[PDB]
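Data block below; observations after.
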Amino acid sequence: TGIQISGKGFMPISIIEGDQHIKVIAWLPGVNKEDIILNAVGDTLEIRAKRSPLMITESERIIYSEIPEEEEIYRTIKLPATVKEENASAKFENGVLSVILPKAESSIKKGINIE
Amino acid sequence: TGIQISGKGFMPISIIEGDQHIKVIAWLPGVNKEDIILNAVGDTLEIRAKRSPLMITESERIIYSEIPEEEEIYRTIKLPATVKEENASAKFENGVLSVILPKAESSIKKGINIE
Amino acid sequence: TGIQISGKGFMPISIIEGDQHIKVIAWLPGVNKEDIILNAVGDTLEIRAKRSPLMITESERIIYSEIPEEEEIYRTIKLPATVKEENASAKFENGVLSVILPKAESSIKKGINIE
Amino acid sequence: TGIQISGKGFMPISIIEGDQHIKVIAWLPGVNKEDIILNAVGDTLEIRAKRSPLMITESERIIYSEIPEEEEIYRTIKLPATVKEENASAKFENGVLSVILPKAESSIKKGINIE
Amino acid sequence: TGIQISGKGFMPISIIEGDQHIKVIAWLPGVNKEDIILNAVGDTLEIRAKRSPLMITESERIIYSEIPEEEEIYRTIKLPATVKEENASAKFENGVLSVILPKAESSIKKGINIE
Amino acid sequence: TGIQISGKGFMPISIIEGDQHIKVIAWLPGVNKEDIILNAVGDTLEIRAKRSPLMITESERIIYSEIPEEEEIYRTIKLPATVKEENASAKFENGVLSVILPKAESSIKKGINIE
Amino acid sequence: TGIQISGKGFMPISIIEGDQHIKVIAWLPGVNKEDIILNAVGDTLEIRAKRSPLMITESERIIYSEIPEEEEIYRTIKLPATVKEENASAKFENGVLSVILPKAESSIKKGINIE
Amino acid sequence: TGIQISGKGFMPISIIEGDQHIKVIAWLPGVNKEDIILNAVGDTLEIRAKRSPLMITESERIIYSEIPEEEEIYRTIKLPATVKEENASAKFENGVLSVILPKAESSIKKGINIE
Amino acid sequence: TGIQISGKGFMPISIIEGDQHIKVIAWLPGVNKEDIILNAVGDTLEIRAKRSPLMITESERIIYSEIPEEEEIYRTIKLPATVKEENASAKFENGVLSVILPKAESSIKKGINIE
Amino acid sequence: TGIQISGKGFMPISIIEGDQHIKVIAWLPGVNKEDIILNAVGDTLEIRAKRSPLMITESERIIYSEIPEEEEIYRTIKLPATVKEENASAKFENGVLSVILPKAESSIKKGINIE
Amino acid sequence: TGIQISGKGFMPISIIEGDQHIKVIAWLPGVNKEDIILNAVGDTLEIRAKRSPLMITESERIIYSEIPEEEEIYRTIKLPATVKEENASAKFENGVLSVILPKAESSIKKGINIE
Amino acid sequence: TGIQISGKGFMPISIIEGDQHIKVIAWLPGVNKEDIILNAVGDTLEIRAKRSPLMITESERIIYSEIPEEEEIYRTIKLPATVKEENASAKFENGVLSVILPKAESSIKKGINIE
Amino acid sequence: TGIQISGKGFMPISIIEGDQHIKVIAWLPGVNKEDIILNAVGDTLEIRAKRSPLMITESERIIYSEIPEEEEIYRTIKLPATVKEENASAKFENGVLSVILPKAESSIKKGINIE
Amino acid sequence: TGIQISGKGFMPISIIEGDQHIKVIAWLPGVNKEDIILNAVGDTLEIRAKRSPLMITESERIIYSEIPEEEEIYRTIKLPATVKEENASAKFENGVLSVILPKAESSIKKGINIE
Amino acid sequence: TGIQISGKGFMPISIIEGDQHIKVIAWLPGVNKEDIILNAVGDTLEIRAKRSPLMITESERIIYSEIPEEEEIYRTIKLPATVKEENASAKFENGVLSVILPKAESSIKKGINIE
Amino acid sequence: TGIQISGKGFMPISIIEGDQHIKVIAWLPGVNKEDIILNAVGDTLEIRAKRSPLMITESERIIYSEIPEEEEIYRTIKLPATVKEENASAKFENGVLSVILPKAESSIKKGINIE
Amino acid sequence: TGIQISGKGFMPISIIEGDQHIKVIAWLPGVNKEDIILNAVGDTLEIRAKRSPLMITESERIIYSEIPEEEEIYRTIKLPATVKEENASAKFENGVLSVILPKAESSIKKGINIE
């Protein structure tokens, strides 16, 4: 049942499990597609990215703000199954990274019939 | 000094104030550019948008999730100055809406010299 | 000693350990034998099922109820030994699923003599 | 409005009220159809049954368990209406007993019109 | 399910329910068989008795005591079924009164079969 | 002033002290005269008895009960004076055992006059 | 070091220990010299007395009172040495009983020299 | 009655209200006259300035300090009356800025006579 | 390590320690250069000054204020080294007094080499 | 009723009382039969022993341990009856010492009959 | 660093780790050498045994006891290294079981030199 | 196991128990050898002494003090064995009284062999 | 994400993770380079060392100390990746041990591209 | 007014101040005159001594003890006046060290007359 | 008895006091011998040093760390005696600085004899 | 800044500090001018006096009292400057002692000019 | 028994009652004999006085003070007896006013004899 999330910075994760794969959704609003580093192996995925901070002309002042300032953020995740890093896909749109990880064959649960 | 935020759903705001305008940044990760409705007048801006929920094949199950499910979200904001809705600009990239509101002339603080 | 239960919905589990196998008992009252999905591999078993809700004619009203309404329920379990999914058996009677999982050879503790 | 449940052992009840009858649902997972004793009269129903305990070979040990051990369990219920014990029906499938109790004529609320 | 005990003085009760009767056991240690008053009707039984207090010669003093002094004690009990006061029996031995109350016909639950 | 009570089971004691003896009253409701074992020596008395439990036909069920179930009960008591076990008397009626213990000569307080 | 006081009613005690005796002072205000019963043996002294209550003509009412009403009062005391009841003296004046108890020979501590 | 202060950094304010004007005093110790920016309009005044930090030769170390380090500080204030930014005066001496704001004509309360 | 501050009134201090001297910074906003009294000797410095209060025409009222009213304020400080009062310098600008105190020769720590 | 245990070190005791003797069981796991010292007299028994500590090669380290380290342990017990030290027996097997102490004749409670 | 103990009953464990093996000490006082079952595999050892309860003639009564009554007890342990079940040794003396488990080659940490 | 200390004043005790005697150590700093009174009998020892208070010339004042002022101090001790007062020894040096009390023959525990 | 530290004694750890290796920093002030034992295998590293205690001539006394006295200290660490013990390097300077552990090939996360 | 006590071990101090000297009393029961080390200088006195521990034959056991075991004890005291170490006297009797310290001339307060 | 420590950063100190000197031990792990500044005078010593921070290639990330980051650290200590800065020695090895400070003659306590 | 008051009894102090002296006021109501002892030296003043207690004829009783009874009272004060005991003056009128202490030359703070 | 004190300012009172008069003591330290106003009538006395405040040259500052500043103080007291204001006396010395009030004849308790 094991899933271990860990890292720094704001990054709402979501783990979807299918029969033959695992989907991982992450919220990286403000982060630039090319600032994201994605790599995984075995049963752990690591998402690390950097989102630059709000640039303000000397004239402006931040009257108010709920957006976290930290620039470097990431998460290493322990998936509940080993996967094929080799066939992983990933899309990043509207600040949302979505990673598809095919389940490794050795981690594909096989059925049991009832009678 | 008045700034009144209010509405429903997750939407980290940020208000930047310059001498002749007001910048408003909002985090709408996952929201579709054309699902955003932006309108303002006087001293209040309203950002309302809808982000569709994570679609999962019947086969998948959400093993874990930190992403809020609510679909319809918005915020009406009371800015600390009246603005020219007419000349407002807005960009939406990487899940981040950024609105530029020119300060109305009547709300432009004028200087006072010290001696 | 590790055993990790996890999932959603009401489903009292029971894990029995023998020398060469592991028995797992689950309470799925109201669930339909063919609505149960059983599969396992390595050291983890997954029981997922759906029990339809109490259907009431428009005329009736639920005057009182201790029965949980949720329809989709499941549990993935981490057994304390690897098993042969291939030879697992399972019976479902009187709302009680009982799964027999033969211990994998590599997980069969071997004796040590005292003198 | 009176409904009085009472007895011993785990047995999630559910009382459905219709215009001319009362349905009572009980969760008796693991209990054997012929170990259930059902009888009622006036405005009270009594469900008493016994579910045998998990039998384990001397070799096995209960590594973990959420299933209550008590064998003899029951509930006497006070229904919100008198009923015809004589015409009561009952089905027991998938650990779920469902009893239909026709409302006694003297307990059938009659309508009142508004104008 | 209703059973209402009430009265004054120490008198441990016990209510046993059979299919066609109700047994009631009461602890009246020190009480004299002929100081007991037993009467009942409908669904309520009343046991009232008086136990004289420990008589001590002027010479003696009660060095210590866990025995309640109150002399007049009783309990009126609401049984879970109407009974035939007419056929009630009662035995009193070793400070223990035991009353047998035949269930009234109108209170005898009738069976319901399952299929 | 020493009096030490100790043992198991419900047994309200009462110790009466006279000039030349000690009376001990015990509540053994439900206990059978011949199931009581009484013996003492020096300054300690021991009362041990067994009261059989309420026998119920398979048909009956204990709907409610304030009577303790434990069968074997007893108490060893340290009296405030040595006594003549040899001349102790004892009566048991209506669930009440009453023991008379003649004070030993060596424990008979002798008077002191005031002037 | 043992001294055990016990009894009922208000009776401030005081124990004085000498080398060859033990003095006991008791406050029995309002008690009548001839209502006092004094006796002791071995290592325990017993003081029991009765002070009659304030008699008031029907005309009077107790507007206020700090004097305890209880009539029968006493105390049995465990002295730190065995004594010769036989040679005990006692004086009672101004509501104060004072008892002199010669230490028994077997309880007279004997000296040990230091060097 | 409205007065809204808001901003960042240490800056004790004081608002004095006259019949035809409003005085505002601010403590900007350590701040340089030409580092102060003063501007206002309508009913809000904004004071923003920057005080450089204590410069210490590499040789020195701050053994102790109650002086806040923040460099950029400011406050935007909502005055209880609209004012003529145009005729505002301001003096800055001994770390104290004092601003005189003539009340706008439309905000000059007019008298009411009592009889 | 000793540094003892003490006195009355608001006066944020700051003590900087160099190898051959001690710098002391104090916030005296609103205080007049010539109202400051500075003197020191041995290892203690004393700063005492008076700042006049905000003068308000009878017409004005203090609508709000965070500026402390007390007029006479001061602090006597125990420096962590004896100093040469004789060569102390002092500057007072923008409400900030800064005192330079040459360390006394006898208080100049001398080096120790490590090998 | 008196039983006084006291001493140091871990040593679960158990006192069994028969009519003519007293059994005392003690848990001395790891203690060597010949390291046990047993002696008693009157109404008190004393069990004192020493268990050597776990010897570990310099190479090993105690990764974890629930076994108390103390070496010298013992208990002096006050039995509820005087005994014949002279006829006491004792067996020590599997780390369990079991002592049989014949009750002294003077401590054998004699019977009292009830009628 | 992982070590997982788990099971039922009183059984103080101790785990000693050497470079090439693991020692496990267990306190099974009162347990019979031939009632102990020892087996292990991979990185987990299981110790299960049964100690019969104190047998008492009908005449005796357990006046006092700190010895746990449970008969069947055991523990499955997760060792911090895989081991060779095949070469495990075990001695049981004075209620103390001591098991020697040779570390598996694949679990023997290899050195790293510092410079 | 009984040991009862009691008395007044500061006097740290220490009781050592041998096979044939009992040693008692007491801290009587400042007390004068000839101000100590030692006597005992049976199973109780009594140590009473008086230490004069610090004498100060009128000129001096007690600037500070942790030494208790009370002059008369003592303790009566209940030893865990009867002793021969007759053969007791005692040494008093450096404010430390040490008493040797030979155990009485009747209190000398006799051995019990194990097999 | 798993990292498990464990051991005894003061030893501030620091784990740095690179793409192809893992660095581990440990503070072993006062420890002697040749008193350090470093070994690792799989995914766990073990650092064990001994620092001798401050030697003080009989003449000296430790007036004050924040340095922990314990001599033998160590930590076994679970790294987040398997490593090649074989190619580990290590430097120890200024009380700081620094270990470089090359990541095992099987633990080297591989990239995933986004589009 | 300064007096600073500090050190380890039990040692009740007492400081008496006269016009021309300072007396210091210390309780060193059990300490040997020649195990005491006394030295002082300026305004601080240091008392350090060692009292050997109670020696017990292997046969004896410490049944009870209020005497602190620590062997090495001491206190360094800061006197409220500088003194002439040179003329200090000291007596040690009955476990009580008493030191007389002549006040240094420079610390002898001189009088002031009132009128 | 005075010892005053003060400064910033992690630096476990230890002060050893001899008859003619004072030893000071400090833990400066990671600090470079030539980055340490040592100087003292009178009765105060000052240790100030700087330890550079862990340098990490852009590729690495600090997965975990118990090592404080602050670079500049120091402590000024008030020794309990004046010393000869001139003859102070100092060694720095294995992150441990050890300073020897000869006591000043004027601070060398001189003896006092007891009689 | 140091001022240390200390002593016993009620004596409200007041310390006034001038540029060249220190005034000390003390409330000694009821104390007799010739019962006051005043002396000081260096930086500490000592005021000690005795006020006799209210003398009452045997006939009178103190119905109520807020006046402290203690007779001997005093305070030793640490002044913030050394003084010339030699030139101290003192007046005592209306229960108020007032002492004038000329500051010692070495304690006279010297000025520092600001520019 | 009535005595009512009331007023403002610090003024410790004391009421002494004799058979024929009442003495009242008041602490008015610092108050001037001629600033005291004393008058009474019936059963109430009133003491009102004013003590001027400590006058300090501009040069001095109150470094510390426990003396209350309030100038005007007083107390009106309700005596437990009516008195002859006419014959009252009063002395004021050393800050202590002492008033003698002759009891009025009507308030002089007269005796009652006991028999």
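Chains: A, B, ... in order of the structure tokens. Residues: from 1 per chain. Ligands: from 1, in order shown.
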
Could you give me, as a PDB file with C-alpha atoms, in the first residue's frame, the residues within 7 Å of residue 101 of chain P, counting only C-alpha atoms and dropping anything in the same chain fewer than 5 positions from it?
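Generated output (part37.pdb):
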ATOM      1  CA  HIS P  21      26.512  61.863  44.610  1.00  0.00           C
ATOM      2  CA  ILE P  22      23.822  59.363  45.497  1.00  0.00           C
ATOM      3  CA  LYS P  23      20.955  59.924  47.885  1.00  0.00           C
ATOM      4  CA  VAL P  83      31.388  56.601  47.066  1.00  0.00           C
ATOM      5  CA  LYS P  84      33.310  58.446  49.762  1.00  0.00           C
ATOM      6  CA  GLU P  85      32.015  56.854  52.985  1.00  0.00           C
ATOM      7  CA  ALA P  88      28.555  60.762  53.794  1.00  0.00           C
ATOM      8  CA  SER P  89      25.871  62.699  55.702  1.00  0.00           C
TER       9      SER P  89
END

**OP:** Quick one: everything within 10 Å of residue 37 of chain L, counting only C-alpha atoms, minus sequence neighbours fewer than 3 positions away in the same chain. Send it as an MDAnalysis selection string.
**Re:** (chainID G and resid 111:114) or (chainID L and resid 33:34 46:50 74)

**OP:** Write out as a VMD selection string the residues lying within 9 Å of residue 1 of chain E, counting only C-alpha atoms and excluding same-chain residues fewer than 5 positions away.
**Re:** (chain D and resid 4 to 7 44 75 to 78) or (chain E and resid 80)

Subject >> Residue contacts of residue 26 of chain H (9 Å, only C-alpha atoms) excluding same-chain residues fewer than 4 positions away, as a PyMOL selection string >> reply: (chain H and resi 11-15+47+95-99) or (chain I and resi 67)

Please identify every residue of chain F that has at least one atom no farther than 8 Å from an atom of chain E, counting only C-alpha atoms, and for each give the shortest atom pair and the distance in Å to one decimal, arranged by chain then increasing number, as CSV.
residue,atom,partner,partner_atom,distance
F:12,CA,E:66,CA,5.1
F:13,CA,E:66,CA,5.3
F:14,CA,E:65,CA,3.9
F:15,CA,E:64,CA,4.9
F:16,CA,E:62,CA,4.3
F:17,CA,E:60,CA,5.1
F:18,CA,E:60,CA,3.8
F:19,CA,E:59,CA,6.4
F:27,CA,E:29,CA,6.5
F:28,CA,E:29,CA,7.4
F:29,CA,E:95,CA,5.0
F:30,CA,E:94,CA,5.2
F:31,CA,E:94,CA,6.6
F:32,CA,E:94,CA,7.0
F:59,CA,E:18,CA,5.9
F:60,CA,E:18,CA,4.2
F:61,CA,E:17,CA,5.6
F:62,CA,E:16,CA,4.4
F:63,CA,E:16,CA,5.2
F:64,CA,E:15,CA,4.9
F:65,CA,E:14,CA,3.9
F:66,CA,E:12,CA,5.1
F:67,CA,E:12,CA,5.8
F:93,CA,E:94,CA,6.7
F:94,CA,E:95,CA,4.3
F:95,CA,E:94,CA,4.2
F:96,CA,E:30,CA,5.8

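What separates atom CA of residue 102 of chain P from atom CA of residue 115 of chain N is a distance of 17.2 Å.
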
Mind listing the helix (DSSP H, G or I) residues of segment 1-110 of chain A, per DSSP on the backbone, as an mmCIF file with N, CA and C atoms, in the first residue's frame?
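That gives us states_13.cif:
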data_model
loop_
_atom_site.group_PDB
_atom_site.id
_atom_site.type_symbol
_atom_site.label_atom_id
_atom_site.label_comp_id
_atom_site.auth_asym_id
_atom_site.auth_seq_id
_atom_site.Cartn_x
_atom_site.Cartn_y
_atom_site.Cartn_z
ATOM 1 N N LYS A 33 7.749 24.907 -18.454
ATOM 2 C CA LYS A 33 7.936 23.558 -18.992
ATOM 3 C C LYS A 33 9.384 23.080 -19.029
ATOM 4 N N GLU A 34 10.286 23.955 -19.454
ATOM 5 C CA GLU A 34 11.694 23.598 -19.538
ATOM 6 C C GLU A 34 12.457 23.774 -18.233
ATOM 7 N N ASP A 35 11.758 24.036 -17.139
ATOM 8 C CA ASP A 35 12.426 24.187 -15.855
ATOM 9 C C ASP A 35 12.114 22.970 -15.025
ATOM 10 N N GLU A 85 10.477 3.133 -16.500
ATOM 11 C CA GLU A 85 10.887 4.521 -16.718
ATOM 12 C C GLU A 85 10.952 4.757 -18.194
ATOM 13 N N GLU A 86 11.509 3.771 -18.870
ATOM 14 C CA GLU A 86 11.700 3.771 -20.307
ATOM 15 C C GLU A 86 10.486 4.147 -21.169
ATOM 16 N N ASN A 87 9.280 3.758 -20.738
ATOM 17 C CA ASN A 87 8.062 4.052 -21.505
ATOM 18 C C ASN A 87 7.169 5.110 -20.867
ATOM 19 N N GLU A 105 6.104 -5.342 -15.486
ATOM 20 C CA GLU A 105 5.409 -6.629 -15.543
ATOM 21 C C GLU A 105 5.362 -7.367 -14.198
ATOM 22 N N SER A 106 6.475 -7.340 -13.486
ATOM 23 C CA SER A 106 6.587 -8.006 -12.195
ATOM 24 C C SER A 106 5.679 -7.422 -11.134
ATOM 25 N N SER A 107 5.078 -6.269 -11.416
ATOM 26 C CA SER A 107 4.209 -5.601 -10.450
ATOM 27 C C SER A 107 2.756 -5.604 -10.876
#

Original post:
Closest to residue 69 of chain O among O:82, O:109, O:103, O:9, using only C-alpha atoms?
Top reply: O:9
